[PDB]
Amino acid sequence: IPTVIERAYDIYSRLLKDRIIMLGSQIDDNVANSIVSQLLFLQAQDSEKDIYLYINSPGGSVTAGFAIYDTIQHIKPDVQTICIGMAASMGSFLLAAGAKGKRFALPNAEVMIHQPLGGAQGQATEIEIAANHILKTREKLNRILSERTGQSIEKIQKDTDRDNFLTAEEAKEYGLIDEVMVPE
Amino acid sequence: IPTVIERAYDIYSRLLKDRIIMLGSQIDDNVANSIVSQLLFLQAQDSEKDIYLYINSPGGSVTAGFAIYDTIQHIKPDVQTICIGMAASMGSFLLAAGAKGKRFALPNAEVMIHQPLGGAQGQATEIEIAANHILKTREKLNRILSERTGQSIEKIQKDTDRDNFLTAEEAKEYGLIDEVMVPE
Amino acid sequence: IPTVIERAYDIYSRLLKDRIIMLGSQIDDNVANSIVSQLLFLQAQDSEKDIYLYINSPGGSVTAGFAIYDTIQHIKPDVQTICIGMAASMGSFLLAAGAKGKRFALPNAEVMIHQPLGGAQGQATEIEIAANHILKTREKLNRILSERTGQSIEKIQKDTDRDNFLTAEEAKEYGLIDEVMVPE
Amino acid sequence: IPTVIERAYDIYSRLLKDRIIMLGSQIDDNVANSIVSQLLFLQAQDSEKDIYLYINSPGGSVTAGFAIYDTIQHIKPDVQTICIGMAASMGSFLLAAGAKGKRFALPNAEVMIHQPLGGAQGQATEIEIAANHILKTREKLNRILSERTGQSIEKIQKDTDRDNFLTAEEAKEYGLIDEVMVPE
Amino acid sequence: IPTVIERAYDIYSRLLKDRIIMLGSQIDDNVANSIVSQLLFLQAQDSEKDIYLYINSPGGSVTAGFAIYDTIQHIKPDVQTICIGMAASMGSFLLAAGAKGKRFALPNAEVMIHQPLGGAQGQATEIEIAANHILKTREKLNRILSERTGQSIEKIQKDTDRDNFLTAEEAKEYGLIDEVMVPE
Amino acid sequence: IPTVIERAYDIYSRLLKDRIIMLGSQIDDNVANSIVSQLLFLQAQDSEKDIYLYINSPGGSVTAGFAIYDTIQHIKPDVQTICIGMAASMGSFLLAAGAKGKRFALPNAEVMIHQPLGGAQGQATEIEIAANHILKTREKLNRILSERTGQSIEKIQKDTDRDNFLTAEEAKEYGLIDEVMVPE
Amino acid sequence: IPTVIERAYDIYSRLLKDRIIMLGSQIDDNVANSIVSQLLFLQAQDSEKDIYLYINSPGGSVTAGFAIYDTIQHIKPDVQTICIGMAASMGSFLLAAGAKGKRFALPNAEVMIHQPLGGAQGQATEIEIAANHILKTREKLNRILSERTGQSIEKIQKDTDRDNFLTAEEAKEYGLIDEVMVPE
Amino acid sequence: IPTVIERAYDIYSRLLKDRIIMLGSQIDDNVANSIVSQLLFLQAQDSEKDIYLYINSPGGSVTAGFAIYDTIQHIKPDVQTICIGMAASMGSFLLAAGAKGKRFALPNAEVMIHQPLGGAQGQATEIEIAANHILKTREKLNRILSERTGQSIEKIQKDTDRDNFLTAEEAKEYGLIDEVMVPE
Amino acid sequence: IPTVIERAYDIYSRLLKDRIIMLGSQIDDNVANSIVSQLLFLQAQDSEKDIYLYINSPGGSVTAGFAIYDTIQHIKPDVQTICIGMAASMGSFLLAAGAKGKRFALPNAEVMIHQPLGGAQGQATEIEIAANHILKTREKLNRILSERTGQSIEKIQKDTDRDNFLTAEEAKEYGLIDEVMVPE
Amino acid sequence: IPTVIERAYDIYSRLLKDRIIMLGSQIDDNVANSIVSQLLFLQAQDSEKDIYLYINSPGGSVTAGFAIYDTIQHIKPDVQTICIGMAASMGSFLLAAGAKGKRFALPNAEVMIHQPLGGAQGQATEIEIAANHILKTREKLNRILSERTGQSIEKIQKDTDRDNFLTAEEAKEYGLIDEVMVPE
Amino acid sequence: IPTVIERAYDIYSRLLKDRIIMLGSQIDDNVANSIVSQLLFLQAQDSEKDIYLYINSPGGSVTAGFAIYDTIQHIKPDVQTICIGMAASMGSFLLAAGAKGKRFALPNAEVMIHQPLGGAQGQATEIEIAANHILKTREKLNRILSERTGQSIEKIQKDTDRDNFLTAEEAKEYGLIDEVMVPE
């Protein structure tokens, strides 16, 4: 809703003027298409000044999440990630994807990591293909998480076997964020 | 429905009197429980005289199918299988399961073979377990079919990759049945 | 419903005592299983006296219809077919399937013939398999109809292209029945 | 529901012992199959004594109705028709179908006649086929009504164009029944 | 369904006469109530001769499962268990619950073990109670499984963490059954 | 289901012959009416021999429960109670309602006690009336439980505030049952 | 459910032999028709011996209730009423309707009284008619209650204004029952 | 809805110009994302002047609530909280989250506090994880409430066990607000 | 809908310019949030000129109503209340809430007062809490109505027990409004 | 969503200003119509400068995809294709459709190829037409893919038989893209 | 969606400025009303310059299609038609309706022709009317197609009997289009 005095912007458009992108929902193709577009727009405006990506997300589509991930890495500006409330699943993956030294969480924000979810129906052969695909997707996720946290692939595999809830400080120790933001 | 003069039976009960079992529906646990019980009852009545199993089935549960299969092989009496209309999937598997030299189909009956169907939802690990299980189930089915038709495992695998419709004569040629019954 | 004095039978069970089978519904696997069982029962009672099959059916499953068809041709007794009301699609096929010289329709009974109906969904390859199967099923149906009516395969093909409604006398002229029963 | 002392009959089965058949529902394939079976049974019991058919029906399937109609005309015993409550559409057709001089209605029973109802969907050609069939069905109905009432085909066509409600005495005047039964 | 000549029994009632109980469905309170009643009845008939329990079940209610388990252990007769098709979850628990030396599976029967499933909704305190209860239930199940298989509690805990499918021979090696029945 | 040889009984009717009543479902007005009727019938047969009430129930209607409770206390024969599987809520109330010294649970049976559940909608005055009623109902339940277990009203109140799951031995210590049955 | 040894009765049929009628459900036309029929049957069997009506009911239809009420008052035998569980609304009305000196409740049975419930929709004139009818119905109910309890009409009106729950002893004090049955 | 003369604002946008944020709905990710964005915007406009947060909320998502909470504590401007109507659950938490000495409620506004609500479904292990998580979340909430009210953790625990409704003055006495606003 | 010439407003925004607020719906959180915001906006524009609140409402949420109530009493400007059509329940409460001497109703407008409505489900303890809450809410509502009408608390309690419809002149006599507006 | 400072655009409109088109949804007629219009618009603005088409799509309508495909090939400007997240089915076809040398995917983007999906229902003849159409559509798709990747038609047919998932580098090796974009 | 810089247009409005109309949906009254209005608008702007109608449509309402058809023929400017993706049924009719020498299809666009589809329900007379109307509608469509393609009516009738899919070059050979657009 709320409109801002300046021409007329909605609140998010006004923040986008200050290079702030707000991810505050589940990740699907629509949401990814919007986040990618905002990142490309901000690079075009200024390729030097960094971007601030606030994250409050239960996660969602892995492929949509990778559209965001790859765009973050491709563009020249540093992308700062700030976790507010919760960054779960692919949300926490994008949190760990921020520029090195510039990944943050607020003191009471939660971070959850687990293995990818999916489905498969039909012939045994079809199920085999879907199983191989999600397993390969998990390997891809775990490899990247390994490089970004400093944890081994085998540890990531083990720590994501079931829902793993982390406090902001635990997320810092884990290597998912660099610092927890103390009240200013 | 129909009642029969003798005490009062239904039409299927009267046929069971002559050691005839009618499988004329999809295969589930209820149906399997009924067929298995009929097979055990007939063995108890006479362990020497053979049993006649008419099959008109689109298939269904593989485990329920194996309850019937294993009961057929365990009991002393020969179980003759007679395909009428259609024996598809687990239906055709049970057709091939009849006593050697005593597997029949009527001239216009259809026989369909394909790979098992299933589902999987949840974590990547859970999907992997479900995929490995259906693949092992397919291997079990193909190995037994191999022994009962004389076909190589590779040929069974190839022929069951997609829906494979067979005429009565083709089913005989394949080794799924022994003889197509000529009008008496 | 109604019960008959003799032990207690339902009306259809009393008619079965006189070797009469009533087909007054759509053809599915349940109905086919019942008709087949009645035919097998009557043959076991007396393999010499003929059977009377009344037909009032819109049709239904082709495979279920063939279970009945093949059983009619396999058993020793002549199966008389009598169309009352309507024999449509697979119903009319079973009407034409009666013993030669013993296929009847009442003066106002209707007979309808058309090509088989079906469905297909999924991959192009899967749709191809389903298309070939229903086309081969049509060829099988037309070949048998040709043999039983005296009409050519090419004429059956043309006349079944769309819904083809025939009066009792037209059905006699076509060769689907032998005689229209005059009031006694 | 109610059971009768004799063995145990339901109320309709006891009435069938006295050669009374009750039609008190819509006419479909199930009902027609039961009525026809009852008519064939009673003839087999005694082919000389007449049968009493009570009719309280809103009509239903034309083809199912013709199964009943032709069976009435085929069997040797006279079939008396007695309208109670309402005989509408195909119900009034079966009322007029009773043995000549033996078609009755109670003083406050209603009789309705109209043209057949149906449907058509799909291609223009398909709609044409369904239109021709229903028109030919109406001709058949109007022709038979002509023979049984004494009214011309042209008058029937006009009188059945819309819903036509007739009192017991009007139905006698029309030739649908022979006599309205006076209280005994 | 089918009736048997003797008075009139259904097929399962006839098998009960020979001290055979058929469990061929999901385990709920109704099924448990029936199995318990059959076990109590058979002991009252003869407390010396053993009982035969056929199991084809995907499992179900743990408490309903224990009603059957405790009745098996309480009564004097030996309860032989025979797996046909599948014994999954609480079904496999009951399979292992048979008299020592008298637990069987047919060659192609499947056995699946895993941890109990449940749900909890409401206040944090209410969720805690439900969590403690299901955890205590799992401990109870694992302890009994340990005593009946010979496996350690720690191994049971590990092997039941996820869906664990076992062949008949694997189930024997595990100690869930004593012998795989070879065709007679 | 299963029928028993003697005339024909169902399995529960045969057990009723031996003064055994099976409660294996939720408690509602229908079930209570059946249990009450069985208790009255058994007293009429023999007022001296005791009755055996097996209980596997999650509970249900309090008023229906009290219909059973009051009938148990009114009739002259001792009503033995035996918990199998689970006696929860009103189910455990009826368990404790058995004749003193004759209340049992099998070793793995569970017992759950909690406060009654209900609802209220409408005017504040109406809500007040419904609230007072359920509170008074709880007082009645607690008072009777106190008389039958020996535990104070205040302890019962505290112990039933939330779902309280008890093992068989814990139920014995609590005074809900007199003894846990050891395998015979 | 349960069957009883004697021929075969259900449990309620066996109790009816001892002149016991069980009302254990909501009161509708079906239930009323059954209760009325049982009262008439018992009078025809013996017009001198009294009848025992057990009541466990939340009430229901007022007119259905009056069918039972008027039949109680018409027949010669005394109708003893025994409340078990709950007698609410029209249930409590029938409880008070028993023979004087012979109206009972078990110690923990509940009794609830309130005003009749209903609905009206349509024109203001139609709503007026429905309101006048339900008000007159209440006056009819309150008068009879006054005659049967001994309380003034004004007190009944005041006490039935809202849901009024009464214990067995309060129901005795009020005059709804004559005596609370002490355990025998 | 309503538009305001100035460019065109909606009513809430015009209030945002005066640094007023309205929370008048349930708390979810969408609402939290909006409130956070409004807080960040107002800080960017003026980091010295305090912000006014009106709260009329039944609560909602805990993590969404913490996104708002942490943003309140992070930004430099004081955030005044004003309860109108109701602040329940997470709503009351955010009310207590306002700058010290600047937390208000209007005289008739209600404040409700209780423990967090949630769910858990699946394996016992999964239920355990979900239970531990909600228990830890409650500990976090109670600790923060302790710091902001002055009440001990033990008292907060006891007071939030069930729904606890407080008047504006009771909320001041409890330490949830600083002052109840007297009419100006 | 309709737009107004000036910039472009809707019909309600143009009236808001003249300090007129239209309450023409049920009272929920969304409506309350809008009304409150309009009252805060108009005070900021001019804290001296009085506001005109037209009320046509069936009532709604009590808490939402109090958000409007307290905002009316808090702000400096007199809030005139004008009933058009109907002010029922919380709508009539807000009508009485207007500035003394400045509460109006048009001659044919209706005013209805009754007690608050609510619902409760769950444990007896939970029902008790909900019952106490709605009773305390009624006391608060009645106390305020007593102060604003001049009627005693006991009279308000008695008059609000059931739906109490008042004409404009009866509402004036009662003290809910000050004057009924005569046509100008 | 978000608005951009310049007049007011949405984020996608501002990107279109830089000749960037975002495909971030399934492909249907609406989406195709939008993409085609944007391609035609950009050609009209400048026919020399190339266009950037970002693709994140699971595919969809083949015909809608060909509308986009043919428009890409018709216009003068080169259309660069960049895969982010996933290009599946018709999505991967459009990725391969980009100007030669200018087809890209980001390092973690996925590419999936398979055969077209469809459905058919009705007469055997109608199913044949639908099967022939989808087979010819697949031939068209495979022929174009052959031209654009450099792979043989025989290989494409084989590789597209089932779901075939490719990494960005595998897609390059296959010839679906020219280069995987390394982070800038 | 997308907005264009100039005032603000949507992408289709900007194309309309260049006399381009986009038909990219099913044809109904709403779409027809929009297309007709656009054609009328463009004629008013310039009656000499030709109009460009892009067609991607599966067809729809015949009457709505004729509203477009007749408007195309009425207006003075030439209407160029361009098929992209698919022109099916009434879509292909409008494609052939373009100015002669100026009807186009892109190389991979599909064209489908068949007979009109409809439905009829009710009396035989009503079905006759509906059948005659759709048959007359087909004659109108076939006559116009004959004029615009150069094919005989008898050939059109034969070719539209069933779904007839055509490639772009087949559509040119047929006379439905003049030229297939080669890439520019």
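These values consider heavy atoms only, across backbone and side chains, with no hydrogens, waters or symmetry-generated copies. Labels below follow one simple rule: chain letters A, B, ... track the order of the sequence lines, proteins then strands, and each chain is numbered from 1.
By the side-chain contact (heavy atoms from CB on, under 4.5 Å) test, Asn132(I) pairs with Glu128(I), sequence neighbours left out. Partners of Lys158(G) under the salt bridge (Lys or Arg N to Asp or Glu O under 4.0 Å) rule, at least two apart in sequence or in another chain, do not exist in this structure. Partners of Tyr54(H) by ring-ring contact (aromatic ring centres under 6.0 Å, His included), not counting sequence neighbours: none found. Not counting sequence neighbours, the partners of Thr160(G) by the side-chain contact (heavy atoms from CB on, under 4.5 Å) test are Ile113(G), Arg138(G), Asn142(G), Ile156(G). Residues passing the ring-ring contact (aromatic ring centres under 6.0 Å, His included) test with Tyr174(G): none are found, sequence neighbours excluded. Not counting sequence neighbours, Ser57(F) has no partner by the side chain to side chain donor-acceptor pair (under 3.5 Å) test. The ring-ring contact (aromatic ring centres under 6.0 Å, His included) search around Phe93(I) returns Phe66(I), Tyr69(I), not counting sequence neighbours. Applying the salt bridge (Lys or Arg N to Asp or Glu O under 4.0 Å) test to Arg162(I) and every residue at least two apart in sequence or in another chain returns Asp161(G). Applying the side-chain contact (heavy atoms from CB on, under 4.5 Å) test to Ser146(F) and every residue at least two apart in sequence or in another chain returns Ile153(F). With sequence neighbours left out, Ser89(F) forms a side-chain contact (heavy atoms from CB on, under 4.5 Å) with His114(F). Residues passing the salt bridge (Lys or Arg N to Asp or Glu O under 4.0 Å) test with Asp159(H) are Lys155(H), sequence neighbours excluded.
To the nearest 0.5 angstrom, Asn56(G) atom CG is 11.5 Å from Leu95(G) atom CG. For the atom pair CD1 (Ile127(E)) and CD1 (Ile127(H)), the distance works out to 10.5 Å, reported to the nearest 0.5 Å. Rounding to the nearest 0.5 angstrom, the gap separating the OG1 atom in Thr63(I) from the CE atom in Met86(H) is 5.5 Å. Here the straight-line distance linking atom CE of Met90(H) with atom CG of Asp28(H) works out to 13.5 Å at 0.5 Å rounding. Here the OG1-CG distance, from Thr125(I) to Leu117(F), works out to 10.5 Å after rounding to the nearest 0.5 Å. Rounded to the nearest 0.5 angstrom, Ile35(F) CD1 and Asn30(F) CG are separated by 11.5 Å.
Residues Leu141(F) and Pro116(F) come closest through the heavy atom pair CD1-CG, 3.9 Å. The heavy-atom pair separating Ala87(F) from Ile55(F) by the smallest distance is CB-CG2, 4.0 Å. Heavy atoms only, all atoms of each residue included: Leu135(F) and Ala124(I) are closest at CD2-O, 4.1 Å. Of all heavy-atom pairs spanning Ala109(H) and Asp70(I), the tightest one is N-OD2, 3.6 Å. The two atoms that bring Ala32(I) and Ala67(I) nearest to each other are CB-CB, 4.5 Å, heavy atoms only. Between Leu145(H) and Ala96(H) the shortest heavy-atom distance is CD2-CB, 4.1 Å.
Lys136(H) has its side chain out of reach of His133(H): every pair of non-hydrogen atoms, C-beta onward, lies at least 4.5 Å apart. Counting heavy atoms from C-beta outward, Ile27(I) and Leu94(I) have side chains that approach closer than 4.5 Å. A heavy-atom distance below 4.5 Å is found between the side chains of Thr137(F) and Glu110(G). Using a 4.5 Å heavy-atom cutoff, the side chains of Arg103(H) and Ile82(H) are not in contact. Contact check for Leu176(I) versus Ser92(I): no side-chain heavy atoms found under the 4.5 Å cut-off.
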task = Evaluate the criterion side-chain contact (heavy atoms from CB on, under 4.5 Å) for residue pair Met112(G) and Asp163(G); output intermediate values, then yes/no.
result = CA-CA 7 Å; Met112(G) 189 270 283; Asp163(G) 278 14; 4.2 Å; yes
Identify each donor-acceptor pair in which a side-chain atom of residues 164-173 of chain H lies under 3.5 Å from a protein atom, sequence neighbours left out, and give them as a table.
unit_1, atom_1, unit_2, atom_2, d
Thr167(H), OG1, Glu170(H), N, 3.2
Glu170(H), OE1, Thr167(H), N, 2.9
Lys172(H), NZ, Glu179(H), OE2, 2.9

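With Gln157(F) contributing its side chain and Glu154(F) its backbone, the two residues share no donor-acceptor pair below 3.5 Å.
Other residues, nucleotides and ligands place more than 12 heavy atoms under 6.0 Å from the CD atom of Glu147(I).
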